[PDB]
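After the structure tokens below, expect a handful of questions from me.
No Cβ is skipped: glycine too gets one built from the backbone with ideal geometry, and neighbour counts run over all protein chains shown. The values are calculated or read from the model by the stated rules, or taken from the named source; these are not laboratory values.
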Amino acid sequence: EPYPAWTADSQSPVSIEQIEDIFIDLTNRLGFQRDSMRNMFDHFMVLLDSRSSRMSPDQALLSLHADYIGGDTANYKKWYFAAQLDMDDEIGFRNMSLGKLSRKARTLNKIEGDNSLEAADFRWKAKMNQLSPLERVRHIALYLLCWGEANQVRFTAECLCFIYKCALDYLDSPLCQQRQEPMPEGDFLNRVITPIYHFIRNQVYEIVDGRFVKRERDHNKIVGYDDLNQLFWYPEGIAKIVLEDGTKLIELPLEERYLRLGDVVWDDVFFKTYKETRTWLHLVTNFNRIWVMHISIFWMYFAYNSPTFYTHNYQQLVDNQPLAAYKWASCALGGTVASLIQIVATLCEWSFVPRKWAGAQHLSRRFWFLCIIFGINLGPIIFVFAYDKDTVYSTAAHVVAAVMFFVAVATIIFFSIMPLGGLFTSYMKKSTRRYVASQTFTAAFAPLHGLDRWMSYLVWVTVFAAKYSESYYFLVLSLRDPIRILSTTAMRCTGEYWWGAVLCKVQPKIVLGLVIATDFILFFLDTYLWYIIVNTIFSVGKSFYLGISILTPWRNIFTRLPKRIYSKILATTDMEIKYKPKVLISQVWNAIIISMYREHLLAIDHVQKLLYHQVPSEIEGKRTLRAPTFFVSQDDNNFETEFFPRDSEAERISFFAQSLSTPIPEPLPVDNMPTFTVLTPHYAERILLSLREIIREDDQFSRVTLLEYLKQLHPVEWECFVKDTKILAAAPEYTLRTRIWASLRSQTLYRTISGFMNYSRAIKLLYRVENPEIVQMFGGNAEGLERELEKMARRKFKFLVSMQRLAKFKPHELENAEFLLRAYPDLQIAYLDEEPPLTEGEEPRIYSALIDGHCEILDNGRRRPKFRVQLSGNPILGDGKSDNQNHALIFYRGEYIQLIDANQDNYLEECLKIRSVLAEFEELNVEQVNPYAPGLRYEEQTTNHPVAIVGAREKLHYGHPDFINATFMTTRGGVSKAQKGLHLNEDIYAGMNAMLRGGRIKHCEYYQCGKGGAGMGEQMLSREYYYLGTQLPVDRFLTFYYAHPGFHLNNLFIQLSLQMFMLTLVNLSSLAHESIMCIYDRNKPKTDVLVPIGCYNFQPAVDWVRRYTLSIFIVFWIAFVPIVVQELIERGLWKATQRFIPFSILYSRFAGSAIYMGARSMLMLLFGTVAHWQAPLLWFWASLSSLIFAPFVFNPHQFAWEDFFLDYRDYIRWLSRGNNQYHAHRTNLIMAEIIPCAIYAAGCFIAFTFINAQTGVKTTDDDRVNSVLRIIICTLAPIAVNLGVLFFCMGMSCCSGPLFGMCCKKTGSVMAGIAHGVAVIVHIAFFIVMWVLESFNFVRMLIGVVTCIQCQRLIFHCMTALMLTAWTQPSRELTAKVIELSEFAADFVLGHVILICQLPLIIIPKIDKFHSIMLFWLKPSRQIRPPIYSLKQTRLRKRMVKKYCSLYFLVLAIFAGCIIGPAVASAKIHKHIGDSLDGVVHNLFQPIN
């Protein structure tokens, strides 16, 4: 009998014949497809069989009905309440105030409470209780039949619920029960499903010239897979269903809408329900709690510790004191800024969502309430700070100031704790929606019970307390001193004579905002650092207090393995005692050891040593089975050192033994364990290899060849294989054996199948060991004991493999698949199939078939499919894997599914704990109660939030799935989301959608699965992030944010910090160099004089530079140590130090992406170093150098003279080639690249202007500089001079006369070379011109060239932006050519500078190449892969490399002369230059005296 748990017992309420008749009757009445009815019947029977094993047959049907249709876990009940009784707001109110109602927990009367949902719940429970088993079977069968035929609307669960409700209503009508004509076969599929699929396909594709091609449109106008659900969520969207006549569907009676449903046009119904076109609006709206806290507290601190801002008439020695009202008003202004942040967030949210779909009447009220809060927070402070008190006042300023300060603190706390979506929902209560999103689906979070709630509270309170205290202390003091010093003093300079000397006066005030901004960024970094530290210490403390100490030697664990293994893996307490506890353990351990040795993973001396040593195995069984030297240890722990090593991945097994130490739930008898299935996709992967791959060498001369890899680098593996394979012997049998063995060591599907087919072996072993009756019942009949065990193995385990294509696979991969089916008969394969059309030219019909290793061979050599279900069309509209799993999901069995990849592997060691793993779903050892009892209420229910995902952990509140609840997840839509443009991850989206609807995610600890930035950052902005962010409570929101997006924001903040610091350093060093400074000490009272008269006291700014360097260094260290710790293994770092051309592509990629900023950073750092020396700049030097030169030390094959010269030749040729090659997102990138360049150039220009103000010297008027036009000349004239030569060449080529090129045989190459050469020459010439334009100073030249570079970059970006947004084409050509030649000059200079920097290194290793050997050693520490040289003719190569080396030295000499000549020219020239020049351009050269 196929299902013994239901038909053997006579206590079943119904028999198989009634169920079969019900299925047949439903198929006849509703016109279902005949081939799917049998599949669904088998599915339902397997469901009942699996569920009834641990329960009575009467309870299984009730539990299934509760889980599928009428229970409180079901989705149909949620949809019915939310979309037909209109009680979403009541559910929302119940969810938020569950503590108050639960605190009291430890038929004309129903009309009075009709509006309340408690009466509705009571009525529903009574109606469900009144049923009988036949109607329960009828409901479940109808739902399953409806589900198993819809193919792609299975992704939308609420459409399926609506269809099911309409079908049931029609079926119960007394009109279907009087008809005599059965409906034609396949009517449901076509008439109901096909138009929705047509809508979905036509939304994305388009038919042209007989095929289908994709459309060119933005995502903001397409509708797919979510707008359908959202329309079906609310009762106001169902009223939009329109018939073809213009009427509406809901006007018809309830028992007639199953035909006009097929007559519905879906074009005028669905619409877009969530528009996403931005990046910072989403960020601002989603996380408006972090910024409220941070900005508000920073403003409070900074406004309290800056008394000089509101001080009137400050004096350096008098130090007049203000009143306290001003400080209090400042803090209340901080409260006001928090309120303003909230208003901005709600405006962005209004921009977020569509116009008038269930979320329009809530945001205006919130806007008005926030406006009122802003007004009451702002008004009285405006009064106080507008100073009705300063003239005359009664003693009321202090009290009003204190009142407003406390009101501000209250506002900060309130707006920083409460969620945005649920602020003022307890005040409307009257007519319209009080929420923006559906509270039944989008916001249903499982409450946290027990000690975890308090642990999370404590962790977050500790983090925030420590952060606030430390940041206050440090930043407040270290900025309290510079703030006063820098805001007190002002300079005395001459300046420039087109607008005066205002910039020189206000420079020290300019140097303050940069410091403040840098401190802001440091605030953010500090909070992240404190989070990491506190979480780590809490985790280590919890691990310490758990009660398991790591100081015990593992030999005590090894000798305690017997009792624990017997208790946890083998013995179930409910069996009667028949054997001593010392035999079953021996059996299982010998089985696992011999299975380990079956793969030849160990030597011959250790296999017998590790065994239980049963030499007299066939006498009595007690005199033998004595413990070996491994299970029992000697008196000393580390006493065995002869054969106790078990190296070569035989120990690390020992992981299993270690994992046995953690607590493990009690097991269950094999007869009671539920059935499950294993699912895996396969598209174009590889199966067992052929002879060509296993007999052919690689392209290189024995370098990184897999064949030689497995032949040589198997020191014991290959020897063990050969010593046992050469005793077994065209040779077809030896041919196949080599194919099998070679496949098991490489990446193949056969390896995965062999690894995962251990479940049946483990189950058979457990079944034989556990039950001792059958073995003695047979008593010698091997056939019976193998047949019964095989039947038991087949009952409780299924394997499914999804092959997308098999009709067009391969002439030989088909034979491979046939061999696969022959090797393992139980394996099942699902594939797509096509049947030729029987009508005029139309789209081919598509099917779906399943075959196994038990169908006979057909006429054409194929196999007879068991089930063939017709699909509505081509299923693959996405990425494959998602749709590949979707089209084969209907062939699964059991209660649980395990999702695996195509390259995983499993060991028999980890397949003995499947029952323990499956027990983590908290449904195995649970007593059952009637779910429709009239007594209990919703609050007093323990089954409300089922666990959906259980993934073995090798988290972040959202883990990747390993095991999945089939019943929970398939009823809510798919096992993996399907969308090419929105849902790219099958692991995170599924977890967040499971959490949103009310499921629980767990993580195992004794199970290990077999496994080895911005691009997703901009795509992560979605609707799921919005729903999670605007609705979660504070602790859950914090723990979610600081894991997934907190990391990506922390990575971004550091770069902005570095750029701000570089600008600040440039301005500060200019200020300090230009002006004299003052003597300073440590304990000087503030009231005495400064010993040089007229000095400026500026040391605290330099001390600030020191402090910032220290802070950024420690932040980087704490953020970068874990990667090194993870990466460096080296046998545990020697037990943790005994317990305490290649140039071309890398240059392109890395040089661009990093050096294009590193070069400017290094230039600015060099100027700051050479203008005013400081100590921590030495540490700042060693970072950019490494970040630029890292690829050139990670790359071998760059350490030989001949190799270097060949690389140089390739460098020149590829330089030409790469210059040629490099020669809805446009405007946004244009803006985001234009603005920061303008700000950066403005800062550089201000610094450059100040350094020329010649402060500190006393002169008359008309004695200033005029650099404001020298900068413009030096940045603009090179553009014109580069345009001139290109214009000459282009004009000659456009003339294109009979003579074009007087001396050159070819014109294009020579003219391109001439233009490039003159461009680079004139650029270096104008750099020297800028040097000589001043009085031969170095630092002024440096700042001038930096400013010129920044200005040129800005104008290039602006010109490209203006050009991108019939002379239009030639103008674009000219502009592109100009940009190309500028970038060519820059890249030429950068590459040659890198080459000069590399020059001193090559002479060092010489022929000895000791450095090369060191590089080889370090590479071998990572990965060793070397080849052998080949000797051929070398005369031409030698000549070529000699000539190119001469060219390289010539270029070096030219560079050295160009950089050296100005030095001696300065050393010999006289002081006066351009004294005769006069007028508005007066002293263009810098006046030196």
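Taking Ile376, is it in a helix (DSSP H, G or I) and more than 26 Å from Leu281 (Cβ to Cβ)? Please lay out each step first, then the result.
Numbers: in a helix (DSSP H, G or I): yes; more than 26 Å from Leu281 (Cβ to Cβ): yes.
So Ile376 passes the test.
Also, quick follow-up: I'd like the full set of residues that are within 30 Å of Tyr1211 (Cβ to Cβ) and surrounded by 14 or more Cβ atoms within 10 Å (Cβ to Cβ), limited to region 1101-1155. Before the answer, list the steps.
Residues of region 1101-1155 that are within 30 Å of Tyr1211 (Cβ to Cβ), as a first pass: 1141-1155.
Correct list: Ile1141, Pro1142, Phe1143, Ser1144, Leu1146, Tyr1147, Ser1148, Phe1150, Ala1151, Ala1154, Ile1155.
Could you list all residues from region 921-968 that are among the basic types (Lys, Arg) and under 30 Å from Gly1010 (Cα atoms)?
Of all residues in region 921-968, those among the basic types (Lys, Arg) come to 937, 953, 955.
Across region 921-968, the qualifying residues are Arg953, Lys955.
Within the group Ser617, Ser595, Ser567, which residue is closer than 29 Å to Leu744 by Cβ, outside the structural domain of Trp718 (by TED's automatic domain parsing) and among the hydroxyl-bearing types (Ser, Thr, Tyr)? Break it down into steps so the answer makes sense when it comes.
Details: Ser617 fails: closer than 29 Å to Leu744 by Cβ; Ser567 fails: closer than 29 Å to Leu744 by Cβ.
Result: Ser595 is the single residue among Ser617, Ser595, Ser567 that is closer than 29 Å to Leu744 by Cβ, outside the structural domain of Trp718 (by TED's automatic domain parsing) and among the hydroxyl-bearing types (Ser, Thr, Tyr).
Which one of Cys1095, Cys1009 is touching a strand residue (DSSP E or B) at 6+ places or on another chain (Cβ under 8 Å), surrounded by fewer than 20 Cβ atoms within 10 Å (Cβ to Cβ) and part of a loop (DSSP other than H, G, I, E, B)? Step through it out loud before you land on a result.
Numbers: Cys1095 fails: touching a strand residue (DSSP E or B) at 6+ places or on another chain (Cβ under 8 Å).
Criteria check complete, one pass: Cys1009.
Of the residues in region 1282-1320, how many are within 20 Å of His1223 (Cβ to Cβ) and hydrophobic (A, V, I, L, M, F, W, C)?
Number of matching residues: 16.
Residues checked against (1) of a type in the set (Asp, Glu); (2) touching a strand residue (DSSP E or B) at 6+ places or on another chain (Cβ under 8 Å); (3) assigned by TED's automatic domain parsing to the domain that holds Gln608:
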| site | (1), (2), (3) |
| --- | --- |
| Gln634 | no, no, yes |
| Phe639 | no, no, yes |
| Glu649 | yes, no, yes |
| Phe676 | no, yes, no |
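Helices (runs of 4 or more DSSP H) wholly in region 1115-1220 with at least 2 residues that are closer than 28 Å to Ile1349 by Cβ - which ones?
Values: elements: 1130-1139, 1142-1146, 1156-1171, 1177-1194.
Passing ranges, in order: 1142-1146, 1156-1171, 1177-1194.
Taking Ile1155 as the residue in question, decide whether it is of a type in the set (A, V, I, L, M) and in the same structural domain as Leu1065 (by TED's automatic domain parsing). Step through it out loud before you land on a result.
Numbers: of a type in the set (A, V, I, L, M): yes; in the same structural domain as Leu1065 (by TED's automatic domain parsing): no.
In short, no.
A further question follows. For residues in region 618-666 being among the basic types (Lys, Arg) and under 48 Å from the mean Cα position of the chain (by Cα), which is nearest to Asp574 (Cα to Cα)?
The initial filter retains those residues of region 618-666 that are among the basic types (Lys, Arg), namely 622-623, 626, 646, 652.
Restricting the remaining residues to those that are under 48 Å from the mean Cα position of the chain (by Cα) gives 646, 652.
Working: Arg646: 37, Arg652: 34 Å.
The extreme case among them is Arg652.
Looking for whichever is over 23 Å from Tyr528 (Cβ atoms) and assigned to a helix (DSSP H, G or I) here; the options are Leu1071, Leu1110. Which one fits?
Numbers: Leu1110 fails: over 23 Å from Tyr528 (Cβ atoms).
The unique qualifying residue is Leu1071.
Could you pull out the residue among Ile207, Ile193, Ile222 that is surrounded by fewer than 17 Cβ atoms within 10 Å (Cβ to Cβ) and not in a loop (DSSP other than H, G, I, E, B)?
Values: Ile193 fails: surrounded by fewer than 17 Cβ atoms within 10 Å (Cβ to Cβ); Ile222 fails: not in a loop (DSSP other than H, G, I, E, B).
Matching residue, one of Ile207, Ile193, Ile222: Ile207.
Within the set of pairs 6+ apart or on separate chains, which have a first residue in region 673-690 that is on the phi < 0 side of the Ramachandran plot and buried (at least 18 other Cβ atoms within 10 Å of the Cβ), a second that is in a loop (DSSP other than H, G, I, E, B) and aromatic (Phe, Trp, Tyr), and C-beta atoms under 8 Å apart?
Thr677/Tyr892; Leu679/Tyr892
Could I ask something else about it? When only residues in region 1385-1414 that are more than 39 Å from the chain's Cα centre (by Cα) and charged (D, E, K, R) count, which is nearest to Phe1327 (Cα to Cα)?
Top of the filtered list is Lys1406.
Tell me whether region 1298-1312 contains one or more residues that are more than 20 Å from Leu1381 (Cα to Cα), exposed (fewer than 15 other Cβ atoms within 10 Å of the Cβ) and aliphatic (A, V, I, L, M).
Scanning region 1298-1312, I find at least one residue that is more than 20 Å from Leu1381 (Cα to Cα), exposed (fewer than 15 other Cβ atoms within 10 Å of the Cβ) and aliphatic (A, V, I, L, M), so the answer is yes.
Please verify whether region 1018-1039 includes one or more residues that are touching a strand residue (DSSP E or B) at 6+ places or on another chain (Cβ under 7 Å), surrounded by 16 or more Cβ atoms within 10 Å (Cβ to Cβ) and outside the structural domain of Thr285 (by TED's automatic domain parsing). Write out each step before concluding.
First, pick out the residues of region 1018-1039 that are touching a strand residue (DSSP E or B) at 6+ places or on another chain (Cβ under 7 Å): none.
No, region 1018-1039 contains no residue that is touching a strand residue (DSSP E or B) at 6+ places or on another chain (Cβ under 7 Å), surrounded by 16 or more Cβ atoms within 10 Å (Cβ to Cβ) and outside the structural domain of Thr285 (by TED's automatic domain parsing).
Determine which member of the set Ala358, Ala345, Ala338 is of a type in the set (A, V, I, L, M), surrounded by 19 or more Cβ atoms within 10 Å (Cβ to Cβ), part of a loop (DSSP other than H, G, I, E, B) and within 36 Å of the chain's Cα centre (by Cα). Full working, then the answer.
On the way: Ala345 fails: part of a loop (DSSP other than H, G, I, E, B); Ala338 fails: part of a loop (DSSP other than H, G, I, E, B).
Result: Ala358 is the single residue among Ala358, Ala345, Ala338 that is of a type in the set (A, V, I, L, M), surrounded by 19 or more Cβ atoms within 10 Å (Cβ to Cβ), part of a loop (DSSP other than H, G, I, E, B) and within 36 Å of the chain's Cα centre (by Cα).
A further question follows. Can you pull out the residues in region 707-716 that are surrounded by 14 or more Cβ atoms within 10 Å (Cβ to Cβ) and within 13 Å of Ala742 (Cβ to Cβ)? Don't jump to the end; show me each part of the working.
Of the residues in region 707-716, the ones surrounded by 14 or more Cβ atoms within 10 Å (Cβ to Cβ) are 707, 710, 714, 716.
Selection gives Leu707, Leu710, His714.
Now, a different point. Within region 120-165, take every residue that is among the small types (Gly, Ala, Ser) and either in a helix (DSSP H, G or I) or more than 37 Å from the chain's Cα centre (by Cα) (or both) and give me the one that is farthest from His43 (Cα to Cα).
Residues of region 120-165 among the small types (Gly, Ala, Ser): 120, 126, 132, 141, 148, 150, 157.
Of the ones still in play, those that are also either in a helix (DSSP H, G or I) or more than 37 Å from the chain's Cα centre (by Cα) (or both) are 120, 126, 132, 141, 157.
On the way: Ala120: 33, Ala126: 29, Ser132: 22, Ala141: 10, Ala157: 20 Å.
The selected residue is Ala120.
Has region 343-358 got any residue that is out of contact with any helix residue (DSSP H, G or I) (no Cβ under 8 Å at 6 or more places or on another chain) and more than 24 Å from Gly422 (Cα to Cα)?
Among the residues of region 343-358, not one is out of contact with any helix residue (DSSP H, G or I) (no Cβ under 8 Å at 6 or more places or on another chain) and more than 24 Å from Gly422 (Cα to Cα), which makes the answer no.
Which members of region 811-840 meet the condition of being surrounded by 12 or more Cβ atoms within 10 Å (Cβ to Cβ) and either of a type in the set (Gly, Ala, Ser) or in a loop (DSSP other than H, G, I, E, B) (or both)?
Result: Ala817, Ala823, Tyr824, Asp826, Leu827, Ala830.
Checking the condition buried (at least 18 other Cβ atoms within 10 Å of the Cβ), hydrophobic (A, V, I, L, M, F, W, C), touching a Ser or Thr at 6+ places or on another chain (Cβ under 8 Å) and not assigned by TED's automatic domain parsing to the domain that holds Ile483, which residue from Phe287, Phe302, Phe352 passes? First the steps, then the outcome.
Numbers: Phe287 fails: touching a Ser or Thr at 6+ places or on another chain (Cβ under 8 Å); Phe302 fails: touching a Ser or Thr at 6+ places or on another chain (Cβ under 8 Å).
Sole residue among the options that is buried (at least 18 other Cβ atoms within 10 Å of the Cβ), hydrophobic (A, V, I, L, M, F, W, C), touching a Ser or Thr at 6+ places or on another chain (Cβ under 8 Å) and not assigned by TED's automatic domain parsing to the domain that holds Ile483: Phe352.
Follow-up. Is there any pair linking a residue in region 1376-1387 that is crowded, with 17+ Cβ neighbours inside 10 Å to one that is not in a helix (DSSP H, G or I), with Cβ under 8 Å and at least six apart or on different chains, and which?
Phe1384/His1223
Could you check region 1466-1489 and list, in sequence order, the residues that are surrounded by 13 or more Cβ atoms within 10 Å (Cβ to Cβ), of a type in the set (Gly, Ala, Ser) and more than 59 Å from the chain's Cα centre (by Cα)?
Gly1474
Considering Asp25, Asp58, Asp21, which residue is within 23 Å of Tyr932 (Cα to Cα), more than 45 Å from the chain's Cα centre (by Cα) and in a helix (DSSP H, G or I)?
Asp58
Right, another one. Can you say whether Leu1063 is part of a helix (DSSP H, G or I) and of a type in the set (A, V, I, L, M), as far as the supplied structure shows? Spell out the reasoning first.
Numbers: part of a helix (DSSP H, G or I): yes; of a type in the set (A, V, I, L, M): yes.
Yes, satisfied.
May I ask you to verify whether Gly853 is farther than 29 Å from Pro195 by Cα, touching a helix residue (DSSP H, G or I) at 6+ places or on another chain (Cβ under 6 Å) and surrounded by fewer than 19 Cβ atoms within 10 Å (Cβ to Cβ)? Let's see the steps before the verdict.
On the way: farther than 29 Å from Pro195 by Cα: yes; touching a helix residue (DSSP H, G or I) at 6+ places or on another chain (Cβ under 6 Å): yes; surrounded by fewer than 19 Cβ atoms within 10 Å (Cβ to Cβ): yes.
Yes: the conditions hold for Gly853.
Among the residues of region 477-496 satisfying the criterion of being among the aliphatic types (A, V, I, L, M) and either in contact with an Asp or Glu (Cβ under 9 Å, 6 or more places away or on another chain) or surrounded by 15 or more Cβ atoms within 10 Å (Cβ to Cβ) (or both), which is nearest to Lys1086 (Cα to Cα)? Outline the logic, then answer.
Narrowing region 477-496 to residues among the aliphatic types (A, V, I, L, M): 477, 479, 483, 485-486, 490-491.
If we keep only those that are either in contact with an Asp or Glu (Cβ under 9 Å, 6 or more places away or on another chain) or surrounded by 15 or more Cβ atoms within 10 Å (Cβ to Cβ) (or both) too, we end up with 479, 483, 485-486, 491.
Numbers: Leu479: 16, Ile483: 15, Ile485: 11, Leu486: 15, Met491: 21 Å.
Only one residue tops the list, namely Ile485.
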